[PDB]
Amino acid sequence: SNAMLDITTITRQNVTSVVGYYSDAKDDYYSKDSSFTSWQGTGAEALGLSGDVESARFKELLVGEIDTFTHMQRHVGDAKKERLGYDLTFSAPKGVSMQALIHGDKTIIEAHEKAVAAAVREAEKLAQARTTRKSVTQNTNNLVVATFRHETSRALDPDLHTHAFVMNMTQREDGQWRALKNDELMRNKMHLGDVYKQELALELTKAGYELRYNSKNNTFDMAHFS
């Protein structure tokens, strides 16, 4: 999309809009044997999730089904107001997208996903859960994230972006899965967008690409493709 980083809170009210909600019945995976989807976050690893995202499992975690015997209770009032997670959508600059999608440059795609992954690692630092010892807020440093890459390869305004869906869950010290306290995540949108931006530029520069910096806005794009 147009925003460098958009953050969309998913609830029961808007869940059918979330990336990954729909799937083809004949397939277990949206994109088996590719990197269009991936599980990320230390929480994902704690759940034994890695590699391609299985659609059924994504949908279970969306609504807090850790397993058949373990359904999260994330409610304090109206049932439709339950937060299911947060879509952190990272979109590449226009020239970067054109190089990736029109010129078919796989290096760019790799750089973009490394940049998303770095921003996800930063987001993890903001993971928190409420505990009772007296209410106590615990830094848990783990998220469960399902990423979906979208390659809008239209000649008119190519758009490379990845939806990094952060589940509304985090594993506490006691091993218990609880809802994320999203305060820190929410107030760090600009910071996370800049982590993605800086890391993307670093990766492209390392790979040898010439970038053009806009000094007024402190942004960048490809030197010849913008």
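Heads up: residue numbers just count along the shown sequence, starting at 1.
The gap between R154 and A155 holds no unmodelled residues of the deposited sequence. Note on 139-147 vs 79-87: mean CA B-factor is higher in 79-87. Per-stretch averaging of Cα B factors for 26-34 and 47-55 places 26-34 on top. Within the group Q13, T205, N217, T9, the record's highest C-alpha temperature factor is found at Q13.
Which of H112, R133, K94, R121 has the largest Cα B-factor in the deposited entry comes down to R133.
Sort the modelled residues of the chain by CA B factor and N182 lands in the middle third.
In this PDB entry, the Cα temperature factor of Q198 sits in the bottom third of its chain's modelled residues, the lowest group.
For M4, the recorded CA B-factor ranks within the lowest third of the chain. Only modelled residues enter the ranking.
When the CA B factors of the chain's modelled residues are split into thirds, the value for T42 lands in the middle one. In the PDB entry, a CA B factor belonging to the lowest third of its chain's modelled residues is recorded for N168.
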